[PDB]
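>>> sequence below, structure please.
(6 chains)
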Amino acid sequence: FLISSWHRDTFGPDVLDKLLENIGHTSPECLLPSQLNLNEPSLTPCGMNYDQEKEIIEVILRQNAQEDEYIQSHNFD
Amino acid sequence: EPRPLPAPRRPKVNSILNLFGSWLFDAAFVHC
Amino acid sequence: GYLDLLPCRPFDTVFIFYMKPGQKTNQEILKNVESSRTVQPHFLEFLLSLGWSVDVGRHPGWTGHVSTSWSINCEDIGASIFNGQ
Amino acid sequence: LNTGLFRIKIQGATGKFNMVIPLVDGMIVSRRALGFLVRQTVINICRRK
Amino acid sequence: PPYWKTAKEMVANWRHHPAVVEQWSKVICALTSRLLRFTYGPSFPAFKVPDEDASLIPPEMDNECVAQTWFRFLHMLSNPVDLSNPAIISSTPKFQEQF
Amino acid sequence: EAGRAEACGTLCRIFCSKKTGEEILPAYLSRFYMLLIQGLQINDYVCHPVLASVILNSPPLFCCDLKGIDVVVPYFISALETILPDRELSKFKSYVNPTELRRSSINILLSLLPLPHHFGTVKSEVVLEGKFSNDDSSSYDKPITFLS
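Numbering: from 1, shown residues only, chains lettered A, B, ... in the order given. Now the structure:
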């Protein structure tokens, strides 16, 4: 039943990380030869250039923003 | 063979990627 | 009266629960429902799309509980109105 | 989900005749056909039981 | 650490023998099982491991010392991606002398 | 090919295990999407083991609400058109069990049916970095809507 002032339309408004950092701080020798850092992300893979990754990241962000905007706007439909 | 559900105490995906994914990504793309 | 109370078509019952993150006790799961405006509106929209609303006293058919069913003789609370009373 | 669609998981609905069809495990259904499919699944499960 | 560096440099020249990678895999599986046995706790599912491989490591090692040796043995072998490249493997100083 | 297949066996499986509402560094997502695009190719750069592994290892891939995962949707649609209509899967029968592969394909397809009616006219971005797209409609520089 349509209850007045009750419905949706009416209503309105890591232990592994600790281990890795401990190993890194207590053993600088075992670090990679500038290729990789434990906490920081690794470098780009050999198969992909940096410009391609920079294009893909912005394409993904634009896709997510467009989908969120469409979902929010078309709610009343 | 069925695969068990992931444990609730597993680490975050980004940490696993930092620890292993570099080797995995390189191995995938080198034969790609 | 025994013959009268026997129904002529099969009847079922469905229970509905709401869960919030980090909840493992039955008391909290029951408690989150009775509150109003503390759940997603989509839950209420899904609820109202299952069937109409009928008072338990005036309902001439199955109502989910034997003691108050087949009775042929006729400020926000949330989704706790449908608790069965 | 965050995209508006819904994800369904059903436990303990397997008998002699495998599972029930109207809402299989790991299904995605839009909000339009949510209540109808849930009701149909309840009816089918109760009839099977 | 100098001995670790010498071993890592020397072991990289034996990657063409199939037993090396198998032994490294078994030992690293045993070390990682031992590490996760106490890193999270009994609640975390226990990693299955053969009894002999678990017996390779002695139980005298303390919890703190396991992490360092586990990391060092994980990085003991070179990047496994190197095995994909046939030219890199066939470039050891002995191979160059063989060449 | 065995090592390459196991590579995204591991990778493909890692991303599907993400906790709900968990942030992922966008670089990893970009790399994973590039790997998925590279793997799902049928024209000439087709490798049955890696394709089968990618399909099998990630049933809940689309259901895990990955950010921007919908970009690779046309590639998955093109990939499924060459496996489901097949009768016995002669090419893939020497690498994976045909029944399990069919089950994974059905799980993937069943997770994409609501997308057209849910979105409809919403455009989908295309990433044209070479001969990656499988379609031959001469519309590479055009965001394809779900109605088609």
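>>> count of residues packed around residue 43?
This is for chain A. 14 (other CB atoms under 10 Å in any protein chain shown). For every residue, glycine as well, the C-beta is placed using N, CA and C.
>>> you answered for a different chain; I wanted chain D.
14.
>>> that one should be in a strand, yeah?
No. Counting by DSSP: H, G, I helix; E, B strand; the rest coil, residue D:43 is not part of a strand but helix.
>>> with adjacent residues omitted, what lies nearest to it?
Closest residue to residue D:43 apart from its sequence neighbours, by CB to CB, 6 or more residues apart in numbering or on different chains: residue C:12 at 7.6 Å.
>>> in three-state terms, label the nearest residue to residue F:15 once chain neighbours are set aside for me.
Nearest residue to residue F:15, sequence neighbours excluded (CB to CB, 6+ apart): residue F:32, at 5.9 Å. Secondary structure, three-state DSSP: residue F:32 is helix.
>>> looks like residue F:32 contacts residue F:11 (just checking).
Yes. With contact defined as CB atoms under 8 Å, residue F:32 counts as touching residue F:11 (6.7 Å).
>>> the two - which one has more neighbours?
Set residue F:32 next to residue F:11 and count neighbours by other CB under 10 Å: residue F:11 wins out with 27 against 24.
>>> contact partners for the residue nearest to the spatial centre of chain D?
Among the residues of chain D, the one closest to the centroid is residue D:23, at 2.6 Å (CA atoms, centre = their mean). By CB atoms under 8 Å, 6 or more residues apart in numbering or on different chains, the residues touching residue D:23 are D:8, D:10, D:29, D:37, D:38, D:40, D:41.
>>> likewise for residue F:120?
Per CB under 8 Å, 6+ apart, neighbours of residue F:120: F:145, F:146, F:147.
>>> and the lengthiest helix in chain A with chain F, contact?
Looking across chain A with DSSP state H, the single longest helix is helix A:50-73. Yes. Helix A:50-73 reaches chain F (CB under 8 Å from any CB of the partner chain) through A:52-53, A:55-57, A:59-64, A:66-67, A:70.
>>> report the buried members of these.
A:52, A:53, A:56, A:57, A:59, A:60, A:63, A:64, A:66, A:67, A:70 (16 or more other CB atoms under 10 Å in any protein chain shown).
>>> wait, doesn't the second one sit right on residue A:44?
Looking back up the chat, that one is residue A:53. Yes. Between residue A:53 and residue A:44 there is a contact under CB under 8 Å: 6.3 Å.
>>> the residue nearest to residue D:43: what secondary structure?
When classified by three-state DSSP, residue C:12 comes out as coil.
>>> ok, now how distant is the closest residue to residue A:52 other than its chain neighbours from chain B?
Excluding the flanking residues, the one nearest residue A:52 by CB to CB, 6+ apart is residue F:129, at 6.0 Å. Using CB to the nearest CB, to the nearest Å, residue F:129 is found at 14 Å from chain B.
>>> state the distance from residue F:129 to residue F:4.
20 Å (CB to CB, to the nearest Å).
>>> now swap in residue F:83 and tell me
Distance from residue F:83 to residue F:4, by CB to CB: 19 Å.
>>> ok, back up a step: so how far is residue D:39 from the residue nearest to the centre of chain D?
10 Å.
>>> how about the helices in chain B?
Using DSSP H, helices in chain B cover B:13-16, B:22-31.
>>> which one of those helices is the most hemmed in?
The highest average neighbour count among the helices of chain B, using mean count of other CB atoms under 10 Å in any protein chain shown, belongs to helix B:22-31 at a mean of 22.
>>> can you give the distance of that helix from its chain's centre?
Averaging C-alpha positions (CA atoms, centre = their mean, to the nearest Å) puts helix B:22-31 12 Å from its chain's average.
>>> from residue F:22, how far out is the residue nearest to residue F:15?
In terms of CB to CB, residue F:32 sits 14 Å off from residue F:22.
>>> again with residue C:80
For residue C:80, the distance to residue F:22 - CB to CB - is 33 Å.
>>> with just CA atoms, put stretch F:22-30 into CSV.
Only the C-alpha atoms of stretch F:22-30 are listed here, as CSV (Å, rounded to 0.1, in the frame of the first residue of the first chain):
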residue,chain,number,x,y,z
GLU,F,22,37.7,-2.3,-1.7
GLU,F,23,39.9,0.2,-3.5
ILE,F,24,42.4,-1.0,-6.1
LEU,F,25,45.2,1.1,-7.5
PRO,F,26,44.2,2.1,-11.0
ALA,F,27,47.5,1.0,-12.5
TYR,F,28,46.9,-2.6,-11.6
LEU,F,29,43.4,-2.3,-13.1
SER,F,30,44.8,-0.9,-16.3
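>>> need the contact partners of that stretch.
So stretch F:22-30 is contacted by A:41, A:53, A:56-57, A:60-61, B:12-14, B:17, B:21, F:15, F:18, F:66-68 (CB under 8 Å, 6+ apart).
>>> spell out which parts of chain A neighbour chain E.
Close to chain E, as judged by CB under 8 Å from any CB, chain A has residues A:15, A:16, A:19, A:22, A:23, A:26, A:27, A:29, A:30, A:32.
>>> now the second one: closest residue in space that isn't a chain neighbour?
It refers to residue A:16. residue B:11 (4.1 Å).
>>> for chain A, which residue gets nearest to chain C?
Going by CB to the nearest CB, chain C is nearest to residue A:8 of chain A, at 3.4 Å.
>>> what parts of chain C come near chain A?
C:37, C:41, C:42, C:44, C:45, C:48, C:52, C:53, C:76.
>>> ok, now with 10 Å
C:36-37, C:40-45, C:48, C:52-54, C:75-79, C:81 (CB under 10 Å from any CB of the partner chain).
>>> can you select the buried ones among these for me in ChimeraX?
A single ChimeraX command selects the buried members of the residues of chain C next to chain A (16+ other CB under 10 Å):
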select /C:44,48,78,79
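>>> quick revisit: out of the contacts of residue F:120, who's the most crowded?
residue F:146 (19 neighbours).
>>> so where does the nearest residue to it once chain neighbours are set aside fall, helix or strand?
In space, not counting the residues next to it along the chain, residue F:146 is nearest to residue F:116; the distance is 4.0 Å by CB to CB, 6+ apart. Using DSSP states H and E, residue F:116 sits in helix F:114-119.
>>> for the residue in chain B that chain D sits nearest to, give me its contacts.
Relative to chain D, the nearest point of chain B is residue B:5 (10.8 Å; CB to the nearest CB). Applying CB atoms under 10 Å, 6 or more residues apart in numbering or on different chains, we find residue B:5 in contact with residue F:17.
>>> which residue, other than its chain neighbours, is closest to residue D:41?
Looking at residue D:41 with CB to CB, 6+ apart, the closest residue is residue D:23, at 4.0 Å.
>>> who's more crowded, residue F:129 and residue F:4?
Of the pair residue F:129 and residue F:4, residue F:4 is the one with more neighbours under other CB under 10 Å, namely 20 against 14.
>>> what sits against residue E:89?
E:12, E:13, E:15, E:16, E:82, E:83, E:95.
>>> surely the fifth one touches residue E:21?
No. Because the distance of 11.4 Å does not satisfy CB atoms under 10 Å, residue E:82 is recorded as not touching residue E:21.
>>> report the set of residues contacting both of these two.
residue E:15.
>>> and the residue of chain A closest to chain E?
residue A:29 (4.7 Å).
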